[PDB]
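**Q**
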Amino acid sequence: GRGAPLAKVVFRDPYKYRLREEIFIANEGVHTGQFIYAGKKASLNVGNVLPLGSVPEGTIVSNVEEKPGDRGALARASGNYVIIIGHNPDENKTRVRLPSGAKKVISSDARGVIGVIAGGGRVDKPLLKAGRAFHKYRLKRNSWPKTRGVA
Amino acid sequence: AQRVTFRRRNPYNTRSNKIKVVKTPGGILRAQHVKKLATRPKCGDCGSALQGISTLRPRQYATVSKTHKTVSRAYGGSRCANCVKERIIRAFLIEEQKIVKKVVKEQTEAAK
Amino acid sequence: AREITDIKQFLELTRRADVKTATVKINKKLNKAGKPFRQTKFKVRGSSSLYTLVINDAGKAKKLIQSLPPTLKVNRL
Amino acid sequence: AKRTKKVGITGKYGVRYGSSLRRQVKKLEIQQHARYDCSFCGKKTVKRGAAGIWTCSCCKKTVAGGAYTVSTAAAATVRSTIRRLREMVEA
Amino acid sequence: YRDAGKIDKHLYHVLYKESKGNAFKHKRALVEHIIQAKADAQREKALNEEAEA
RNA sequence: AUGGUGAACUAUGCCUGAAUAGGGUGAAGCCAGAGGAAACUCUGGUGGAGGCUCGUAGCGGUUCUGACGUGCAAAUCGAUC
RNA sequence: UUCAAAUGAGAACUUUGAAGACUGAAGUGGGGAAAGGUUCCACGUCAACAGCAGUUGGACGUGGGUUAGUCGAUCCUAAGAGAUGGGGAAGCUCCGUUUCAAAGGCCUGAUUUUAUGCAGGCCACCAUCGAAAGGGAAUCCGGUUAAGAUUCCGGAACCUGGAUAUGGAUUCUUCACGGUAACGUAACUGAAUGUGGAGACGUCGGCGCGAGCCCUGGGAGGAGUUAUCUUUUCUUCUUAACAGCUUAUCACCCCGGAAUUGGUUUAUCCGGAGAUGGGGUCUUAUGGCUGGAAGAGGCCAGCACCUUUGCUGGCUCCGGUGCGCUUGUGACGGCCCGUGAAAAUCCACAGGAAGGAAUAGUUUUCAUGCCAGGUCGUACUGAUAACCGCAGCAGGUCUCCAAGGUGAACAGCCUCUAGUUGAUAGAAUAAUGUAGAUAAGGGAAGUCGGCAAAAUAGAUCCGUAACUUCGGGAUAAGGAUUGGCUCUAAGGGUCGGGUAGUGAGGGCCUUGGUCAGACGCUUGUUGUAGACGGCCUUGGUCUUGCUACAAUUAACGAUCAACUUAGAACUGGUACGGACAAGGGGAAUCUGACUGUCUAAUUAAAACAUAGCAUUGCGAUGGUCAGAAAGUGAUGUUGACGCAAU
Numbered sequence: 053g054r055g056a057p058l059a060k061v062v063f064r065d066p067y068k069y070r071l072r073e074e075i076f077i078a079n080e081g082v083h084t085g086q087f088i089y090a091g092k093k094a095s096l097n098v099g100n101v102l103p104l105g106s107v108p109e110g111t112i113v114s115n116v117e118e119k120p121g122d123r124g125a126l127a128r129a130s131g132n133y134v135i136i137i138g139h140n141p142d143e144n145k146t147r148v149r150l151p152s153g154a155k156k157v158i159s160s161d162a163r164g165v166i167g168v169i170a171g172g173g174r175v176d177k178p179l180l181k182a183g184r185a186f187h188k189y190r191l192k193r194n195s196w197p198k199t200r201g202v203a
Numbered sequence: 002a003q004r005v006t007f008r009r010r011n012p013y014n015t016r017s018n019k020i021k022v023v024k025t026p027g028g029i030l031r032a033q034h035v036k037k038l039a040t041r042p043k044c045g046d047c048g049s050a051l052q053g054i055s056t057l058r059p060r061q062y063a064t065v066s067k068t069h070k071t072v073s074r075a076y077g078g079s080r081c082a083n084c085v086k087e088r089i090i091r092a093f094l095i096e097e098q099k100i101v102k103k104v105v106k107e108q109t110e111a112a113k
Numbered sequence: 002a003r004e005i006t007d008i009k010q011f012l013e014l015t016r017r018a019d020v021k022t023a024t025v026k027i028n029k030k031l032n033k034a035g036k037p038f039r040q041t042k043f044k045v046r047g048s049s050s051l052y053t054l055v056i057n058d059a060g061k062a063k064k065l066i067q068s069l070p071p072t073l074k075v076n077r078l
Numbered sequence: 002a003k004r005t006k007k008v009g010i011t012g013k014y015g016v017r018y019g020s021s022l023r024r025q026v027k028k029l030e031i032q033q034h035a036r037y038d039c040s041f042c043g044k045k046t047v048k049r050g051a052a053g054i055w056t057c058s059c060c061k062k063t064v065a066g067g068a069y070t071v072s073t074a075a076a077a078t079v080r081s082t083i084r085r086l087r088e089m090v091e092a
Numbered sequence: 109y110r111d112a113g114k115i116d117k118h119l120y121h122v123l124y125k126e127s128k129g130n131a132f133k134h135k136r137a138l139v140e141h142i143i144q145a146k147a148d149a150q151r152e153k154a155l156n157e158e159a160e161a
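Protein chains in written order, with the deposited numbering: chain BC, 53 to 203; chain Bh, 2 to 113; chain Bl, 2 to 78; chain BB, 2 to 92; chain BS, 109 to 161.
(1) What are the uninterrupted segments assigned as beta strand (DSSP E) that are 3 or more residues long and contained completely in the region 113-150 of chain BC, given in chain order?
(2) How should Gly-53 of chain BB be labelled, buried or exposed, when 16 other C-beta atoms within 10 angstroms of its C-beta is the threshold for buried?
(3) Compute the Euclidean distance between the alpha carbons of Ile-88 of chain BC and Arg-41 of chain Bh, then round it to the nearest angstrom.
(4) Note down, in chain order, every chain BC residue with its Cβ under 9 Å from the Cβ of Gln-25 of chain BB.
(5) Restricting to runs no shorter than 3 residues, where is the beta strand (DSSP E) found entirely within the region 18-48 of chain Bh?
(6) Go to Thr-82 of chain BB, then tell me how far its alpha helix (DSSP H) extends in each direction, as first and last residue.
(7) By the 7 Å beta-carbon criterion, what residues does the region 4-31 of chain BB contribute toward chain BC?
(8) In whole angstroms, give me the CA-to-CA distance for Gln-67 of chain Bl and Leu-73 of chain Bl.
(9) I want to verify the contact list: residues of chain BB whose CB lies under 7 Å from the CB of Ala-56 of chain BC, in sequence order.
(10) Go to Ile-56 of chain Bl, then tell me how far its beta strand (DSSP E) extends in each direction, as first and last residue.
(11) Please compile the residues from chain BB whose C-beta is within a distance smaller than 7 Å of the C-beta of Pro-197 of chain BC.
(12) What distance in whole Å lies between the Cβ atoms of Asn-76 of chain Bl and residue 86 of chain Bl, which are believed to be in contact at a cut-off of 8 Å?
(13) Looking only at its own chain, which residues have a Cβ that is under 6 Å from the Cβ of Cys-57 of chain BB, when we skip the five neighbours before and after it?
(14) Going by DSSP in three states, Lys-146 of chain BS sits in which element: helix, strand or coil?
(15) Which residues of the region 129-150 of chain BC have a Cβ closer than 9 Å to any Cβ of chain BB? Give them in chain order.
(16) Measuring only between beta-carbons, confirm whether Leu-96 of chain BC sits less than 8 Å from chain BB.
(17) For the region 129-139 of chain BC against the region 148-168 of chain BC, are there 3 or more C-beta pairs whose distance is under 8 Å?
(18) Below 8 Å between beta carbons: does that hold for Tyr-37 of chain BB and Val-71 of chain BB?
(19) Tell me, please, whether the region 162-174 of chain BC touches the region 86-105 of chain BC by the rule of three or more beta-carbon pairs shorter than 8 Å.
(20) When you compare each of Bh:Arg-60, Bh:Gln-3, Bh:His-34 and Bh:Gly-27 to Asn-14 of chain Bh by their alpha carbons, which one comes out closest?
(21) Helix, strand or coil for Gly-164 of chain BC, going by three-state DSSP, please let me know.
(22) Rank Bl:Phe-38, Bl:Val-55 and Bl:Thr-22 by C-alpha distance to the C-alpha of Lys-29 of chain Bl and give the top, closest one.
(23) In the DSSP output, which residue or residues are listed as bridge partners for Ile-27 of chain Bl?
(24) In whole angstroms, what separates the C-alpha of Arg-70 of chain BC from that of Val-61 of chain BC?
(25) Cβ of residue 1 of chain Bl within 8 Å of Cβ of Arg-3 of chain Bl?
(26) So is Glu-117 of chain BC in contact with chain BB if we call contact Cβ pairs under 8 Å?
(27) To which residues of the same chain is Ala-90 of chain BC closer than 6 Å at the C-beta, ignoring the five residues directly before and after it?
(28) Measuring straight from C-alpha to C-alpha, what distance separates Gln-150 of chain BS and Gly-66 of chain BB?
(29) Does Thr-73 of chain BB have its Cβ less than 8 Å from a Cβ in chain BC?
(30) I'd like the span of the beta strand (DSSP E) that includes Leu-71 of chain BC, first residue to last.
(31) Using a C-beta cutoff of 8 Å, does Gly-167 of chain BC count as contacting chain BB?
(32) Counting Cβ pairs closer than 8 Å, one from the region 84-91 of chain BB and one from the region 110-126 of chain BS, do we hit at least three?
(33) When the distance is taken between beta carbons, is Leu-126 of chain BC closer than 8 Å to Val-26 of chain BB?
(34) Looking at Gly-45 of chain Bh and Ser-79 of chain Bh, is the spacing between their C-beta atoms short of 8 Å?
(35) Against chain BC, which members of the region 56-68 of chain BB pass a CB distance test of less than 7 Å?
(36) Rounding to the nearest angstrom, what Cα-Cα distance links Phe-63 of chain BC and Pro-178 of chain BC in this structure?
Structure, rendered in structure tokens:
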């Protein structure tokens, strides 16, 4: 039911001796075995997740947090991204351009993962058959087929 | 040609109901139930099947002797040779570079 | 069960203090492309297995059948 | 011998689904099922499995990419934007 | 015939590609086709030895 | 109107399994050959795609407005589908 | 359907025997799931039911019958249900079920009133239910009842829980060796914690291999025909669970190094990230020999037992082929804006706690020995008489096995095994009917409408237009052949590339015996073979390393068993897809693009649906929708390439 590939990233628990698996939306350009870095001091490369306040002008990111700790709400679909269009150091805000063109200002502390999401350009292929629609919608929800209300 | 029938009470053919017909000594064709096929153990790193380890159903592994459950290598019945071989390389070389990282740091900061 | 083909060890399991009965079987079988011979089988019933010792030459049968202990109940033929 | 004149792979749909829809479908399936070079081993062994997952048959190195292309053109400049934006931090 | 020793390794590959295709119809059709290939190869080989001398 | 029962039939979704002879057509991809200076184009093989097709098992039922129509049947039987 | 006999007061129907047929193995045959509940089997019996009858019964009265450590339920969890802590609700109760709950047991040590407390190391999962075709620890064969069996008898196994030793390995290099390596050797310490594998798994297509069955040669028996012929026809010739040795693709390892690129599948993938080649390792599906096990089953000859029954006995053997059907498996390839389940459980690795030597301590995931495996189901039908349709009602109900021939074929048609011969009957057999048919000449003139029937209708060769979304239309339209006998040609597999001396002629038979040359035909009498066979020969006893001629071409020679295709003569009162089987075709017009779906019981449609196109709302302290509230929810395990409304 998702057109974007997932990623299973393992983060070593620092508090206790064990491993924690994490499910990340695979940003296009990431590969298995890549070192995905999370935190303030992370470098600027595709795949890493950083707060918006730590990145300079012109960067596009994805899976950003509406609030500092919901672990990502915005720009999660395939091929979507949000652009950094200015910082607000006063009262620690940052405003960005959503994929729908809406401009929203959020906290500079909320995190976001660098890079666009893989699976873009998916809807450029015509869906052709009814069964292809049936196969697509058999795993998403019961929202197909649609019957006109006039009939 | 003689024709056979099920011996259990399930009348449907599935993976758990596989049937092989055998020539019984009494001169009649009898259906013989076959257990599901075993799958080769797989390496944890490369995913491929690892050689030297007996293949059998999970619960029945508790009966086979250790000679078919442990090769004489490190990471015996979990990893397969080449994965272990480069695991040594990765461990040895990174620790080798780590002290190289340390010695340069002690020199640059001292001359700072 | 299984089959063992060593004479010396076979006597050891006869008085192994768990065998109660034993049987001897005679078969008239063929060989190669020549005349047949006299073939015999010696069977020993253990507690959980049934050992056996096949001998295709009656020459070795004599010294072995006498070697069976008298306390062993043998079902002749 | 060029068995079919102009429809190639999309000719399997017979005569249905119009001409442009088949043609537009035709364009994508050419590179969807094509063979790409790998960035880790440099072989013609990159094929698409699942929606947007590109795997290499040799060395098992899977690269995330577009739904129908290893590197979609709309995001090839995204890393160019980031890489051009990285050096200003240092110099 | 590759392991027979009479033929070379390279001429194997040429016929193998063609046998996957056509112009080789049956067992007999191949055998003299192989022969004339060796016969042709022997033709210039004999002529090359005398031409150099 | 009040209060209870019903998806064993059928309506829809999910989980779990099960079933679908035999032929026709012939897509990519591939191989060989030919043409030409190139671009590239034709010939001959494989290849099995294709919510394709003729057609049994199965699912519905178009027509005879056949049979029956106080019936074998509160809607079934036969042929043609 | 018919004949005869038996029983019976009472036979078109009961039984038996003899014929004639049918289902034709996608059964009118064998077993089951749900359902039924004793219909199962025996005795006796006909007032009632079996729309005729009936001494017959799925009926009546009386009784018998279902045996489990291994087959299942038991256990796990899926979609989902639901109890606590909580929050609503006057309330019956509703929400959620890990969320605003301080929600648990657990190994080491203490021991010697410590019973088990206590002092530390600890881990935190976080009710329960929920799929006798989802996962699941372990068994088969022979035989035996009136009715039971993978359950009973006999024989032969394996698994789990527990207790204890015996034997082996280990060790003063105290917790093993070998191989360069993939890894191996029956055993060959080891906790908390962490990690990994199995369970665990899409569909389709072709290919390889295995099993069951089909076809068939030799031989050992029986039965059938025999006016004539047929080394003829049919039939038996079988081997289980479990165990030892051994065996494959795939994959990996050592040497080596590549263009004059080479290996290679039906299907073009692979190779300096290292091929081809040479040599090895591994999983053991499967298969082979052996044990079980030939004393078992089967086919045959003599013995005589009103009987209860057996004994003596023989064989139960050696093969071959295949696009053969069913099925299993392996390496693959195609498909996707579908990439195609979870947990219990089991094992392994990292780690190093803890303990340990030889006067012996471990080793009970090495071999052997001892004990136990509780409860519940097991009979029968499973269908035009055992289930549901008021009935024994042509209706409906899930699934495994499935032979021979013609034939593409699980099509139609006939038959072998098996099972029925059952559904009221007798005589003439008027109209009118129901179901099959045939009609001289014309031919749709009939009718609202060629509605119903009819014609072509299989296969091979030739040939095929308008238009088009270039894929189709298109087996378009339209032509030529088809039987039988005797031939011709083509399409493969497996082996062999020499002579003279030499070594083994690892069969060395042969002449002598040496001595295991022995059993077999209660000691001995003395009688027999030595199983004519280990051990050495003076030897005539079709594979060869060495040299020679010169070794090569032409390529040859020997065996084997399949069908497919094409062609040539002859032949038949010109018949040949001879029965069955099986497309009418073309010019157009209205309309829906197509596949698909609905008014299950009068409308299958140009109606709905479908892809495509466009618009609208929504950046979650949200958009749409539910609830009586809620600390409630659906989208949402979601994020603008998304959800929702059109």
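For every residue, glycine included, the Cβ atom is placed at its ideal position computed from N, Cα and C.
**A** A quick look at the data gives this:
(1) Here the runs fully enclosed are 134-140 and 145-149.
(2) Residue mapping note: residue 53 of chain BB aligns to position 52 of the fourth sequence, counting from 1. Per the 10 Å Cβ criterion, buried.
(3) Counting from 1 along the first sequence, the entry for residue 88 of chain BC is found at position 36. Counting from 1 along the second sequence, the entry for residue 41 of chain Bh is found at position 40. Distance between the alpha carbons of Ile-88 of chain BC and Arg-41 of chain Bh is about 33 Å.
(4) Your numbering for residue 25 of chain BB matches position 24 in the fourth sequence. Contacts between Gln-25 of chain BB and chain BC, judged by CB atoms closer than 9 Å, involve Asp-176, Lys-177 and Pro-178 in chain order.
(5) Taken in chain order, the whole beta strand (DSSP E) runs of length 3 or more contained in the region 18-48 of chain Bh are 20-24 and 30-34.
(6) For the purposes of this step, residue 82 of chain BB is identified with residue 81 of the fourth sequence, where counting begins at 1. Start and end: 74-91.
(7) For the region 4-31 of chain BB, the beta-carbon criterion of a distance under 7 Å to any beta-carbon of chain BC is satisfied by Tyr-18, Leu-22, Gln-25, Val-26 and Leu-29.
(8) Residue mapping note: residue 67 of chain Bl aligns to position 66 of the third sequence, counting from 1. Residue mapping note: residue 73 of chain Bl aligns to position 72 of the third sequence, counting from 1. Cα-Cα distance, rounded: 12 Å.
(9) The sequence position of residue 56 of chain BC within the first sequence is 4, counting from 1. Ordered by position in chain BB, the residues that pass the 7 Å Cβ test against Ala-56 of chain BC are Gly-53.
(10) Along the third sequence, one-based indexing puts residue 56 of chain Bl at 55. For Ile-56 of chain Bl, the enclosing beta strand (DSSP E) stretches over residues 51-56.
(11) Numbered from 1 along the first sequence, position 145 holds the residue referred to as residue 197 of chain BC. Correct list: empty, because the minimum Cβ distance to chain BB is about 18 Å.
(12) With chain Bl covering 2 to 78 only, the question about residue 86 of chain Bl has no answer from this structure.
(13) Within the fourth sequence, residue 57 of chain BB is the residue found at index 56, counting from 1. If we look at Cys-57 of chain BB and ignore the five residues flanking it on each side, its Cβ neighbours are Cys-39, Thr-46 and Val-47.
(14) By 1-based counting over the fifth sequence, the position of residue 146 of chain BS is 38. The answer is helix: DSSP assigns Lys-146 of chain BS an H, G or I state.
(15) Under the 9 Å Cβ criterion, the region 129-150 of chain BC contributes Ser-130, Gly-131 and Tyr-133.
(16) As a working mapping, residue 96 of chain BC is identified with position 44 in the first sequence. Contact of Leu-96 of chain BC with chain BB is assigned, a C-beta pair being separated by under 8 Å.
(17) Counting Cβ pairs under 8 Å, three or more are found: they touch.
(18) Taking the fourth sequence and counting its residues from 1, one reaches residue 37 of chain BB at position 36. Taking the fourth sequence and counting its residues from 1, one reaches residue 71 of chain BB at position 70. Using a Cβ distance threshold of 8 Å, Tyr-37 of chain BB and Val-71 of chain BB count as a contacting pair.
(19) Taking a cut-off of 8 Å for Cβ pairs, the region 162-174 of chain BC and the region 86-105 of chain BC touch, as three or more such pairs fall below it.
(20) Translated into positions along the second sequence, residue 14 of chain Bh becomes position 13. Checked all of Bh:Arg-60, Bh:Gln-3, Bh:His-34 and Bh:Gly-27; the closest Cα to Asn-14 of chain Bh is Bh:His-34.
(21) Locating residue 164 of chain BC in the first sequence gives position 112, counting from the first residue. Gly-164 of chain BC falls in the strand class under three-state DSSP.
(22) As a first step, residue 29 of chain Bl must be located in the third sequence, where it is residue number 28. It is Bl:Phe-38 whose Cα lies nearest to the Cα of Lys-29 of chain Bl.
(23) In the third sequence, counting from the first residue as 1, residue 27 of chain Bl sits at position 26. Bl:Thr-41.
(24) Position 18 of the first sequence holds residue 70 of chain BC. Position 9 of the first sequence holds residue 61 of chain BC. In this structure, the alpha-carbon of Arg-70 of chain BC lies about 14 Å from that of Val-61 of chain BC.
(25) Examination of residue 1 of chain Bl is not possible in this model, given that chain Bl is present from 2 through 78 alone.
(26) Here the question's residue 117 of chain BC lines up with position 65 in the first sequence. So no, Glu-117 of chain BC is outside the interface.
(27) Counting from 1 along the first sequence, the entry for residue 90 of chain BC is found at position 38. Cβ neighbours of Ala-90 of chain BC within its own chain (closer than 6 Å, five residues either side excluded): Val-101.
(28) The count along the fifth sequence starts at 1 and reaches residue 150 of chain BS at position 42. The count along the fourth sequence starts at 1 and reaches residue 66 of chain BB at position 65. Cα to Cα, the separation comes out at about 57 Å.
(29) As a first step, residue 73 of chain BB is located in the fourth sequence; it is residue number 72 there, counting from the start. Interface annotation, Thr-73 of chain BB: in contact with chain BC, CB-CB separation under 8 Å.
(30) Along the first sequence, read from residue 1 onward, the residue named residue 71 of chain BC stands at position 19. Where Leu-71 of chain BC is concerned, the enclosing beta strand (DSSP E) starts and stops at 71-77.
(31) Residue 167 of chain BC sits at position 115 when you count from the first residue of the first sequence. With respect to chain BB, the C-beta atom of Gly-167 of chain BC has a partner C-beta closer than 8 Å.
(32) Look at the beta carbons and you see the region 84-91 of chain BB not touching the region 110-126 of chain BS: under three pairs across the two are nearer than 8 Å.
(33) Here residue 26 of chain BB refers to the residue found at position 25 of the fourth sequence. Here residue 126 of chain BC refers to the residue found at position 74 of the first sequence. No, they are not a contact pair.
(34) Numbered from 1 along the second sequence, position 78 holds the residue referred to as residue 79 of chain Bh. Numbered from 1 along the second sequence, position 44 holds the residue referred to as residue 45 of chain Bh. Yes, the pair counts as a contact, with Cβ atoms nearer than the cut-off.
(35) If the cut-off is 7 Å between Cβ atoms, the region 56-68 of chain BB has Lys-62, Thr-63, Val-64, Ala-65, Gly-66, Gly-67 and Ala-68 near chain BC.
(36) Start at 1 with the first residue of the first sequence, and residue 63 of chain BC comes out as number 11. Start at 1 with the first residue of the first sequence, and residue 178 of chain BC comes out as number 126. Between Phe-63 of chain BC and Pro-178 of chain BC, the C-alpha separation is close to 40 Å.
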